[PDB]
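See structure below.
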Amino acid sequence: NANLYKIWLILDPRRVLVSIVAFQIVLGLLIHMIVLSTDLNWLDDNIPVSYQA
Amino acid sequence: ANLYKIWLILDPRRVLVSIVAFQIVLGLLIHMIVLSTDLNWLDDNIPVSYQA
Amino acid sequence: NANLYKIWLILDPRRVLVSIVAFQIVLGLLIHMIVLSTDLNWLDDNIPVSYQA
Amino acid sequence: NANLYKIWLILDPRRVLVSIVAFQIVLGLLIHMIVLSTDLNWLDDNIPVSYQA
Amino acid sequence: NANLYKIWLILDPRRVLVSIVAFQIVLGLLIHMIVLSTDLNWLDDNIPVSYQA
Amino acid sequence: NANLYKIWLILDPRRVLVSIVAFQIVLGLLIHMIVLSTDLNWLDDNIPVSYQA
Amino acid sequence: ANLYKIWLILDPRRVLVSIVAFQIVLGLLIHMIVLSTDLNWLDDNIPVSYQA
Amino acid sequence: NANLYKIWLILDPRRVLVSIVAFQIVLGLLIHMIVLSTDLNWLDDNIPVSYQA
Amino acid sequence: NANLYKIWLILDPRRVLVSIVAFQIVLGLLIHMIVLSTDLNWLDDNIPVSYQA
Amino acid sequence: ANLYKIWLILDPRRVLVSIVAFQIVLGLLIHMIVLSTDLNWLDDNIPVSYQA
Amino acid sequence: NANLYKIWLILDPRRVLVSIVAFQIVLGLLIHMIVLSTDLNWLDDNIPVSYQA
Amino acid sequence: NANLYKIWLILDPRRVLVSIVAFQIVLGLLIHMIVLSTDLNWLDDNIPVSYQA
Amino acid sequence: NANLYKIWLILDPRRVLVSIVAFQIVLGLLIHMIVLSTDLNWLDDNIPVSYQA
Amino acid sequence: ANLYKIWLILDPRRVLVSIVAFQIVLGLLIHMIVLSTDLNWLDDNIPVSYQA
Amino acid sequence: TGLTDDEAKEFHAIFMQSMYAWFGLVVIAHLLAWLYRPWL
Amino acid sequence: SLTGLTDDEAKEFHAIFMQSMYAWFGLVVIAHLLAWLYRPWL
Amino acid sequence: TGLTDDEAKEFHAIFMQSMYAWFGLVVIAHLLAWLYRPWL
Amino acid sequence: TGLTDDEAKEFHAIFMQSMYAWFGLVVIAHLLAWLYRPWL
Amino acid sequence: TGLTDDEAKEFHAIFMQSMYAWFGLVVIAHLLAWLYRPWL
Amino acid sequence: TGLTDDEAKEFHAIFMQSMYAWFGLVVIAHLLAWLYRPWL
Amino acid sequence: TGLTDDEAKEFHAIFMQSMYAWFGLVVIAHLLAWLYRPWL
Amino acid sequence: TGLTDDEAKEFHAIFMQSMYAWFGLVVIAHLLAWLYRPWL
Amino acid sequence: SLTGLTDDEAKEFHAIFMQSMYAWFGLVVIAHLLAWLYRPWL
Amino acid sequence: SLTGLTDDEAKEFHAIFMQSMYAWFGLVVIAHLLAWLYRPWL
Amino acid sequence: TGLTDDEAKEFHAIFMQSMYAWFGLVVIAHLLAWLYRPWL
Amino acid sequence: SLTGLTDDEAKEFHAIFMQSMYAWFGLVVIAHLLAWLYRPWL
Amino acid sequence: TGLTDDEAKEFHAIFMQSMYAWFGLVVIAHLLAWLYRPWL
Amino acid sequence: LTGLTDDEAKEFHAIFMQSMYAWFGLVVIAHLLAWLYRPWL
Ligand code: BCL
Ligand code: BCL
Ligand code: BCL
Ligand code: BCL
Ligand code: BCL
Ligand code: BCL
Ligand code: BCL
Ligand code: BCL
Ligand code: BCL
Ligand SMILES: COC(C)(C)C/C=C/C(C)=C/C=C/C(C)=C/C=C/C(C)=C/C=C/C=C(C)/C=C/C=C(C)/C=C/C=C(C)/C=C/CC(C)(C)OC
Ligand SMILES: [Ca+2]
Ligand SMILES: [Ca+2]
């Protein structure tokens, strides 16, 4: 809609930005945790070579 | 046709905050629920197994 | 009776609506979990085909 | 007696209705949970057809 | 005695009825749980027939 | 003595009645549970007949 | 002979309440103690065993 | 000394009597429990006869 | 010294007596606990005779 | 081009404190995470084993 | 030094005496318990004779 | 920039110094503990000679 | 320096003395336990003669 | 050369108290750490075992 | 409690009537339960 | 009174409460009849 | 408690009557229980 | 609650209409679920 | 406690009478228990 | 809430438009997920 | 405590007399217990 | 919130352009991650 | 004084305290003599 | 403004913040280049 | 503490005398304990 | 100025802070050089 | 602390003297302990 | 800030430096003795 800019007359910009930043950082950490525990792991998969040997 | 008066009872700001929080929590919960079944897309060796 | 519309002169509409919404969401989640626990499961039942294979 | 309608001059109607609603909902949930665990279960009894097989 | 109707000049009626109702409901639940655990059970006793088999 | 009726000029009647009622109910429950555990049990003793069979 | 002045120091009502409570608790405790010895009167198959 | 009666000008008689009574009752209970655990027990020692037989 | 009687101008007699009596009772109980557990026990040593024969 | 107004909403001091704390915590977390994989640089006997 | 008697113009005598008494009692108990657990025990050492046997 | 010295018009110097000192001490302890558990240990590696043996 | 006697214009003497006394007593106890735990024990080492036997 | 002004920011009394407490705690910690290695001086049977 | 005497009389009458009705219902229910599953 | 309700309000509330409770009991009875026709328990 | 003397007399009379009725009921119940399942 | 009579009547009308729509949606959903996996 | 002297006398008399009655009841009960199940 | 009537109408219009856009996105995503990994 | 001197004398007399009676009862009870079950 | 209308317009413009830049960077990163390790 | 006692009261309390402490110690000594005559421990 | 800063102060702070952030990112990039030259992980 | 100089001096004299008596008693007790059970 | 320091005080503090930090980093570098000379880890 | 300068001098003198006496006693005790049980 | 004047800071700094240097000298001597007893490196 063209009159969507009035959303900032209801929501306080400062809290919106702080919540966005915190939620994005937490989501990044959580998704990295989730991906690390599958077969898509990039650290402990001996590519290119194995270094503990 | 007079449903637009629902905002004369419920405060819009709290409604929007609750909707956003509930939708995010529901998305997380449903993704975790689906991950644990046989519909998993990460640890299902498609297209190729990478650890091996 | 035909004078049932006076129930809103005793109960506050706002709290009634909030309680209804919360109770319905909680009941929906609870019933979906209960149905998932039984043998009516639709996710992990190998229909139409097994994917972890 | 025929003068029972004075029971609302001692008990407040609003709290009476709220307590009735809450108690009935809790009782319904509790009775369903109790009946589910016996041999009257309607979900996990393979009727009409077993779906996980 | 015949002047027992003065018992309500010492005890407040509203709290008396609230306590009676709560105590009776709790007693009913307790007696049902007690009876269920004995050999007088009516649910898991395979009468008239067995539904899980 | 014959002047025992003065005991109510020292003890408040209302709290006396409330304490008596509560103590008697608790004692009844406790004695029924204590008797149930011994060999005087009347529920799970297969008299007149056994119903779980 | 002047022992009746003991009630000018101790409050009568609290004395009576304490006496009643202590006696009830003592009765329960002594019945518990006796119930666990060989003086038990309930589970001693006299006059006849009923769970049989 | 002969002027020992002044001991009540320092210690309050009421608390003295209450403490004496409470301590004597607690000591009686404690000594009875202590004696019951030794071979001086008078209840479970089959004298004069054994009743659980 | 000969002017030791001034120690009561520093220490309050009442609390001194209460502390003395409490500490002595606690010490008596503790020393009986300690002695009862050694081979100096007088209760459970079958002297003069064994009563729970 | 008017992004410099972001400091008329966010307080400069708390922003700097939060950045410093978050960066330190992230550095510790990533070093610990890397230490537990096969990319470890301490317990890999390179260039030589010292305990032996 | 000869001017040590001024140490009571800094430390309050009453608390000093109370602390000394409490610390000495605690130390005496602690040292007796420590010595009891070594081979210097005087109670359970069968000297001059065993009493339980 | 060349106007970085204005950073002390925003951050209080005293708290900055205290935080720096505390963080450096904690980091030193943490890094000295982390290295000790690896094969770079300098205490328990029998160099130049074993002392317990 | 020769003007070290001004250290008491910053540190309150009373708390300094109390802290010194408490720290020294605690240190004495701790070092005694540590030395007892090791091979330098003087109590349970059967010197000069073995008691308890 | 103007380093003597650090006492115009930091209070001397708390500085000395913190220094003393930290040094005592560090001394205790390092003695415990050294005691548990093979550099122990108490239980190393030198110059002679005493409980033997 | 603040109740007068006539209010006490009326409350006692209604309380007695309700308690007797409740007891009659319990008695009927126990008669049915005994007819179905005797316990004594 | 204690609650503040008048007498006519008490009468009206009692009438509506009785009607609603009777409707609820009728629905429960029908549901139990259906459940007995499906899965007898007694 | 604030009670007068006549009120104390009336309360004592009613209390004794109720206590005796309760004890009579308990005695009858125990008689029936002994006739069913003797324990001593 | 402070509501007048006309406001209560209007709220009742809208509440009844919305609850009926919700119940119709639920009924359709259970019809589909029964057509997929009969449970009774 | 605020009690007078005559009140103290009356309370002491009633207290002693009640204590003696209670002790007599206890003694009778213990006699019956001894004739039933001797413990000493 | 303090909102007027015109503000209520405007908020309702924007809320409904945004909710419909969100639902359209959800149904497109579910169509893609069904074309990838059928579950029913 | 607020007690006078005559009150202190009276309380001391009664306290001593009661303590002596209690000790006599304890001594008699211990004599009986020794006649039943010697422990030393 | 106290914001005027022109301030709301300016904030909305900057917020939208920043969100679009962030989404573009995320899309590029996901393209690289797919070119390295395909998951679907 | 801190406790509020005068000097004569202090003297009287000291005399009575010493008398009571000595009586208590005498009783303890007699009891320990009897306990030694029964069960020597040293 | 809510924070209380003027416009020129905001501009100066933004300039210095950008300069410092870019320097920090350059150092991070160099460190990651060295770490890749030592132990390749991808 | 509020003490004057003469009070401090008198307290010091008595404190030293009492501490010396206590130490003498301790020394005698350890002499006896060494004559019974030599630990060193 | 939130912290209440003048411009000249800020300049002097920055100079002293920079000097002390550089000295600390020099000591750290020397210590790490010695540690690498003794026990190489990379 | 409120102390003057002469009081500081006096306290320093006494503190140093007492600390030196304490250290002398510790040194003597450690000499005896080394003469009994050498540990180094 | 702390209330100290400009000369008190100089005096405190001089005494603090002297005491810290003495403490460090004692530590160095103790570590020298420990190295002659138990060489750890
Ligand atoms: C093989 C190893 C060697 C050894 C190697 C070394 C080396 C190397 C060093 C020491 C040092 C010390 N060793 Mg060593 N040491 C050994 C075995 C011991 C044994 C033992 C029983 O085995 C003991 C008791 C000690 C004790 C000591 C201390 C004398 C000293 C540490 C003091 C300190 O930390 O300063 C504390 C500093 C302060 C400034 C404290 C000031 C005191 C204040 C006034 C106290 C007030 C109390 C305060 C407020 C706290 C309050 C507490 C609460 C009220 C409870 N070592 C063995 C034999 N040891 C160190 C040393 O000598 O330093 C000179 C040192 O460098
Ligand atoms: C086989 C299963 C599929 C899958 C099946 C589905 C299905 C079906 C759906 C999703 C949806 C989502 N999936 Mg997916 N999804 C998969 C695996 C993932 C993984 C992962 C690491 O594996 C992640 C991180 C995600 C993440 C996401 C989100 C983009 C989205 C849920 C957001 C939400 O809750 O909105 C709630 C947030 C708000 C209401 C806040 C307001 C919205 C803000 C302002 C706008 C942000 C973008 C918005 C979420 C739109 C997303 C579209 C994206 C551009 C793709 N999916 C796999 C590959 N996924 C849902 C979706 O796409 O919604 C459109 C959805 O219906
Ligand atoms: C074999 C079993 C079927 C199944 C059988 C049923 C049956 C039967 C029902 C549902 C219903 C629902 N199912 Mg289903 N459902 C299945 C698996 C799922 C899965 C999943 C990941 O597997 C999800 C996320 C859902 C989710 C849903 C919700 C859309 C809905 C419950 C919402 C609610 O409680 O409203 C409560 C919320 C409120 C009252 C708030 C007020 C209304 C708000 C503003 C709007 C709510 C959105 C509305 C519910 C959307 C409905 C549109 C379509 C019917 C989807 N189902 C499987 C495949 N499901 C219920 C339903 O459809 O209701 C209409 C329902 O009766
Ligand atoms: C073999 C056993 C049968 C079964 C036997 C029975 C029997 C017998 C009864 C129920 C009743 C109920 N059952 Mg059933 N029920 C079964 C399995 C289910 C399952 C399931 C997922 O398996 C669900 C979700 C339900 C749900 C329900 C509810 C509709 C209802 C309890 C509501 C309540 O407590 O009102 C309490 C709430 C209030 C008092 C609040 C006031 C009223 C509010 C405003 C509206 C309430 C909703 C109303 C009950 C809707 C009626 C729907 C129709 C009856 C279908 N049943 C199986 C299939 N069920 C009871 C019932 O039907 O009551 C009429 C009942 O007597
Ligand atoms: C073999 C053992 C017997 C048995 C032996 C006894 C004996 C003996 C006694 C009871 C008594 C009681 N038993 Mg029975 N009882 C048995 C099995 C049961 C079962 C069951 C499900 O098995 C239940 C629910 C009960 C319950 C009861 C209560 C009716 C009563 C205790 C009430 C109370 O504590 O008053 C305390 C409450 C108050 C003081 C509050 C004041 C009074 C209030 C206003 C009304 C109280 C209700 C009144 C007691 C009902 C009496 C009517 C009839 C006597 C039944 N019994 C079995 C069959 N039972 C006691 C009794 O009958 O008392 C008269 C009693 O002496
Ligand atoms: C082999 C071990 C001996 C034994 C060896 C000793 C030795 C040795 C002593 C005791 C002492 C006591 N023993 Mg013994 N004791 C034994 C077994 C027991 C048993 C038991 C059930 O087995 C009991 C209950 C006791 C109880 C007692 C107390 C009478 C007394 C400790 C009271 C106290 O702490 O003073 C604290 C009292 C107060 C603070 C109150 C102040 C005084 C009051 C006003 C007067 C009341 C009487 C008072 C307790 C004096 C006791 C003398 C009695 C007349 C016997 N002994 C066995 C037989 N017992 C101690 C003692 O006799 O003290 C004189 C004592 O020295
Ligand atoms: C195989 C993996 C490599 C390794 C790969 C990397 C990579 C890649 C990086 C680091 C980075 C760091 N590594 Mg490394 N690192 C390894 C092993 C170590 C070991 C160790 C004992 O093994 C230590 C103590 C460190 C410590 C460090 C820090 C210097 C730095 C993280 C600081 C930070 O989070 O700033 C956050 C603090 C702030 C933002 C506060 C503000 C700045 C303050 C005022 C000054 C900070 C000092 C600055 C970071 C020093 C950098 C100079 C040199 C790079 C040393 N690494 C192993 C050997 N390391 C990061 C880095 O170098 O950043 C430049 C980095 O990108
Ligand atoms: C093999 C080991 C020896 C033994 C070796 C020693 C040695 C060595 C000592 C003691 C000392 C004591 N022993 Mg011993 N002791 C043994 C077994 C016991 C047993 C027991 C049941 O076995 C008991 C109860 C005691 C009790 C006692 C106390 C009398 C005294 C510690 C009190 C205290 O800490 O004062 C602290 C209290 C205060 C400072 C408060 C102030 C003073 C108050 C007002 C009065 C206190 C009473 C005073 C201690 C009386 C002492 C007189 C005689 C010495 C008995 N010992 C065995 C037989 N015992 C210590 C002692 O005699 O001190 C003089 C002591 O040095
Ligand atoms: C093989 C591994 C080496 C070793 C490798 C390293 C390396 C690499 C480093 C250290 C550093 C330190 N090591 Mg080392 N270290 C070893 C084992 C030890 C042992 C031990 C018992 O084994 C101890 C107690 C220490 C202690 C120390 C500290 C002196 C210092 C860390 C202090 C700090 O965090 O400053 C933080 C404190 C502040 C910021 C407060 C202000 C400082 C005050 C005013 C001045 C105090 C002295 C200061 C710490 C400088 C020390 C002078 C000399 C370098 C000793 N190391 C072994 C032998 N160690 C670090 C260092 O030397 O820094 C200079 C360092 O880089
Ligand atoms: C104000 O007053 C006016 C003027 C109105 C006058 C009125 C005065 C009146 C009416 C006064 C009335 C006074 C009364 C009735 C007083 C009664 C006093 C009594 C009964 C006192 C009894 C005292 C008993 C004592 C103190 C006994 C002490 C025993 C002790 C401490 C025993 C300890 C034993 C131990 C620790 C044993 C341990 C050994 C074991 C074996 C337990 O260890 C495991
Ligand atoms: Ca890799
Ligand atoms: Ca050694």
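Bear in mind these aren't lab numbers, they're just calculated from the coordinates by the rules spelled out. Counting neighbours? That spans all protein chains shown, and the Cβs are built from the backbone with ideal geometry, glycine included.
Take the conditions closer than 30 Å to O:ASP5 by Cα, in a loop (DSSP other than H, G, I, E, B) and more than 25 Å from the chain's Cα centre (by Cα) and apply them to E:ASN46. Does it pass? Before you say what the answer is, go through the steps one by one.
On the way: closer than 30 Å to O:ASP5 by Cα: no; in a loop (DSSP other than H, G, I, E, B): yes; more than 25 Å from the chain's Cα centre (by Cα): yes.
When the stated conditions are applied, E:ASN46 does not pass them.
Scan segment L:2-16 residue by residue and report those that are surrounded by 12 or more Cβ atoms within 10 Å (Cβ to Cβ) and assigned to a loop (DSSP other than H, G, I, E, B).
Going residue by residue through segment L:2-16, those that are surrounded by 12 or more Cβ atoms within 10 Å (Cβ to Cβ) are L:4-14, L:16.
Result: L:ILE10, L:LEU11, L:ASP12.
From the list B:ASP43, B:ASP38, which residue is away from ligand 4 (no atom under 16 Å from the Cβ), of a type in the set (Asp, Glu) and more than 13 Å from chain T (Cβ to nearest Cβ)? First the steps, then the outcome.
Details: B:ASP38 fails: more than 13 Å from chain T (Cβ to nearest Cβ).
The conditions single out B:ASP43.
Test of understanding: among W:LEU27, W:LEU42, which residue is more than 19 Å from the chain's Cα centre (by Cα) and either under 30 Å from K:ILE47 (Cβ atoms) or surrounded by 11 or more Cβ atoms within 10 Å (Cβ to Cβ) (or both)?
Working: W:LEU27 fails: more than 19 Å from the chain's Cα centre (by Cα).
Among W:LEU27, W:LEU42, only W:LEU42 is more than 19 Å from the chain's Cα centre (by Cα) and either under 30 Å from K:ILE47 (Cβ atoms) or surrounded by 11 or more Cβ atoms within 10 Å (Cβ to Cβ) (or both).
Inspect all residues belonging to segment F:23-38 and state whether any of them is away from ligand 9 (no atom under 16 Å from the Cβ) and under 16 Å from G:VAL17 (Cα atoms). Show your work before the answer.
To start, the set of residues in segment F:23-38 that are away from ligand 9 (no atom under 16 Å from the Cβ) comprises F:23-38.
If we keep only those that are under 16 Å from G:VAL17 (Cα atoms) as well, we get F:23.
Yes, segment F:23-38 contains a residue that is away from ligand 9 (no atom under 16 Å from the Cβ) and under 16 Å from G:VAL17 (Cα atoms).
Looking at the structure I just gave you, is C:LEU40 assigned to a loop (DSSP other than H, G, I, E, B) and either in contact with a helix residue (DSSP H, G or I) (Cβ under 7 Å, 6 or more places away or on another chain) or closer than 27 Å to D:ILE34 by Cα (or both)?
Criteria met by C:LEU40.
Pull out all pairs, ordered by first then second residue, where Cβ-Cβ is under 6 Å, the residues are six or more apart or on different chains, the first lies in segment H:26-48 and is facing chain I (nearest Cβ under 8 Å) and surrounded by 14 or more Cβ atoms within 10 Å (Cβ to Cβ), and the second is among the aliphatic types (A, V, I, L, M) and assigned to a loop (DSSP other than H, G, I, E, B).
Listed pairs, sorted by first residue: H:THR38/I:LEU43.
How many of the residues making up segment S:1-28 are within 11 Å of chain G (Cβ to nearest Cβ) and closer than 30 Å to H:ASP45 by Cβ? Steps first, answer last, please.
Residues of segment S:1-28 within 11 Å of chain G (Cβ to nearest Cβ): S:1-16, S:18-19, S:22, S:26.
Next, only the ones that are closer than 30 Å to H:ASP45 by Cβ stay: S:26.
The qualifying residues number 1.
Which pairs turn up if I take residues in segment X:4-18 that are at negative phi and look for partners that are loosely packed, with under 13 Cβ neighbours inside 10 Å and of a type outside the set (A, V, I, L, M) with beta carbon separation below 6 Å, at least 6 apart in sequence or on another chain?
So the pair list comes out as X:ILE16/L:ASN1.
I'm trying to understand the selection: among the residues of chain T, which are under 29 Å from C:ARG14 (Cα atoms), surrounded by 13 or more Cβ atoms within 10 Å (Cβ to Cβ) and either aliphatic (A, V, I, L, M) or within 16 Å of ligand 11 (Cβ to nearest atom) (or both)?
The answer is T:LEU3, T:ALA8, T:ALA13, T:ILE14.
Every residue, every condition in (1) touching a residue at least 40 places away in the same chain (Cβ under 8 Å); (2) part of a helix (DSSP H, G or I); (3) closer than 23 Å to U:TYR36 by Cβ, yes or no:
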| position | (1), (2), (3) |
| --- | --- |
| S:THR1 | no, no, no |
| S:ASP6 | no, yes, no |
| S:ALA13 | no, yes, no |
| S:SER18 | no, yes, no |
| S:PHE23 | no, yes, yes |
| S:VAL26 | no, yes, yes |
| S:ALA29 | no, yes, yes |
| S:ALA33 | no, yes, yes |
| S:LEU40 | no, no, yes |
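In segment C:2-25, what residues are aromatic (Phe, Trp, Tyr) and facing chain R (nearest Cβ under 9 Å)? Walk me through how you get there before you give the answer.
So in segment C:2-25, the residues aromatic (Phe, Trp, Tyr) come out as C:5, C:8, C:23.
Within segment C:2-25, C:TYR5, C:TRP8 qualify.
Among (1) in a helix (DSSP H, G or I); (2) at the interface with chain J (Cβ under 10 Å from one of its Cβ atoms), where does X:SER1 come up short?
The one condition X:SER1 does not meet is (1).
For segment N:13-31, give me the residue count where each residue is more than 10 Å from ligand 1 (Cβ to nearest atom) and at the interface with chain M (Cβ under 9 Å from one of its Cβ atoms).
1
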